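Have a look below at one chain only, the form solved without the DNA, in structure tokens format.
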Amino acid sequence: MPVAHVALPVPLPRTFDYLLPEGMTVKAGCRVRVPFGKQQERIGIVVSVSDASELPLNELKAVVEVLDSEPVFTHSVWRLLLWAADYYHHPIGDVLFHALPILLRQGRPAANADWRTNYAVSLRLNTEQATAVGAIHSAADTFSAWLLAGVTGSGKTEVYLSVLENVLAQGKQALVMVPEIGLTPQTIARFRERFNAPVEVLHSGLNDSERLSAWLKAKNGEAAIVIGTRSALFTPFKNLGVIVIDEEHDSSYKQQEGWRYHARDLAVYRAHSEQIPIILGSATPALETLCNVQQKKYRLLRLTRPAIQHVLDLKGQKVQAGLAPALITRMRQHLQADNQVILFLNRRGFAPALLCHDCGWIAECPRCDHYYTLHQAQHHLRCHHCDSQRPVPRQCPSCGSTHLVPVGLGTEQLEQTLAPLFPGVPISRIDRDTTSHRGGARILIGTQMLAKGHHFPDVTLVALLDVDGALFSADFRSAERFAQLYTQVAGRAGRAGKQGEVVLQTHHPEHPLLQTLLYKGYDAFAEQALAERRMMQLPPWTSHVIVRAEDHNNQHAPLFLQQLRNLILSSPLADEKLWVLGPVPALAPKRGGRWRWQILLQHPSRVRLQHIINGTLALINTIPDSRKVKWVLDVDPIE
């Protein structure tokens, strides 16, 4: 009598044991229908089969039905999901079901209702592009990870297409991932045209039957290329030969609710498991990717080859609605010409800092010298790093001025205060934030990078009002995000024959990172920022895990996190290189009627930190408050 160890779609980090009735057989990765709870039945996925259970066998119930004779996961996806459930510390049943098409989550048959033998290659690459294609061509049957770095217009997409052509010429399949925002009509029609082979485009418009039909075609070899967003990483393939991740830095590859996986990292694990090349492409590569190049874990392939810009010093200026006087003037010049203007601000929920508008002084924690977070309503400064607290001072202590201003505020009523300064001028946001156009003069308000397929040809002035927020944020990654945005808009501004203008406002135009970025470029900024991350022992040079908790009384969550902190620190694996910081309020400390708190775990070794967390979680029942609180583990947070 075998025992099936079954994963169910429930938020418990365990499997559930069932007996197989005589005559019924099943294997790992097959779905089953099983009893669950008092008198309910659910679909589960068999994780393994053995002849034993931790419970007495006479306490086990029987599997009702086996749904699959062949598994619904290929090996490499199965190995990736089991590895990820452990590394992200997420319930195995939630991981496995989240990776399936909806119809298969529901228990329906994995069924509905070639190009290989005769592949026809249907173009002049430059030297640099041919070197890149050739390097991946020679690397085709073992694992290797490549950063393809080149500004927009340097020909990355043509390298991708030639690599794919070579992969299809081998009779192998390909996976192409693009950001959520990336599946444009032009992009898609481009791919489909180049390949005389079936291409499946997993775009968010697809209904569940079409998503299953594409899954089946990739699994059985009928589709040559699957193009999709972060979840396409779970696509089964018969014979996968390459993975391409376009725009590898984009934050849409990190899932930030439920299972918080990072598709970029999991795609590299998948390439290592399938023993194939993965190409990560970007005009503004993430620091962790540049760190992987410097450490020789990734290989670099570089592709190489005019807007007016002004940096405005805010110090002592008579601002109107957070806009420098000289910027207001420029905006009037462009608006009078019937052109459009984009203002970029920090993201809503940004945790503001406090600085002197006259001399530039920034409020800093005296204990640990990190920049303070300003809480205006409560007239408090609070340190996100060490949790110290001070009243807001009446005077700058460096110069004596009373003109202390918050930095990093979003479009807080700014729509209302911009209408006075620009009467009769329509105002409109452009952020994809729609709670889950083409004309003359207009002011556009943005808070993040535009999509690669998202252009506003009638914009001739971009203003960056997010500089101070980025530089003096309590989030160490904000400068990196700002550098990536700046490089995009500067590149987009007046690509040719359309004179563009970019204006940056800051109280610190001389800031050394900003100077490197503006006059030496992204790559130089990135080398400098990476060196500073290393000195500070921050990601990508150490590993971080944030434990986030919330409550309805501003007491349960910090108490639970204090206790979790002590339990972590008491781990037999906890050494001198482990830091556990906090508890501290989240950078958005309260949303709804909930208080949000966190601790940060930091270690140089990703695997050691994983083992420390594993030992802590095996003892989580030692902290009974763990069930009085909603809490999650966020491994490798992008915060």
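Residue positions are given as counts along the sequence shown, with the first one as 1.
The form solved in complex with the DNA is left out here; the points below concern that form.
Novice: Please check if residue 222 has a heavy atom lying within 4.5 Å of any heavy atom of the DNA in the deposited complex.
Specialist: No, residue 222 is distant from the partner.
Novice: Verify the contact flag for residue 523: yes if a non-hydrogen atom of it lies within 4.5 Å of a non-hydrogen atom of the DNA in the deposited complex, no if not.
Specialist: Residue 523: no, not in contact with the DNA in the deposited complex.
Novice: Is residue 407 a contact residue for the DNA in the deposited complex, using a 4.5 Å heavy atom cut-off?
Specialist: It does: once the DNA is placed as it appears in the deposited complex, residue 407 has a heavy atom within 4.5 Å of it.
Novice: Taking any heavy atom pair closer than or equal to 4.5 Å as contact, tell me whether residue 248 reaches the DNA in the deposited complex.
Specialist: Judged by the heavy-atom cut-off of 4.5 Å, residue 248 is well away from the DNA in the deposited complex.
Novice: Using a 4.5 Å heavy atom cut-off, which stretch among 127-135, 537-545, 393-401, 229-237 contacts the DNA in the deposited complex?
Specialist: Result for this chain: 229-237.
Novice: Answer with one of 49, 60, 64, 581: the residue that has a non-hydrogen atom within 4.5 Å of the DNA in the deposited complex.
Specialist: None of the others qualify; the residue that does is 60.
Novice: Only one of 176, 474, 84, 530 gets a heavy atom within 4.5 Å of the DNA in the deposited complex. Which one?
Specialist: Selected residue: 474.
Novice: With the DNA taken in the deposited complex, which residues across 71-108 come within 4.5 angstroms through any non-hydrogen atom?
Specialist: The stretch touches the partner through 98, 102, 105.
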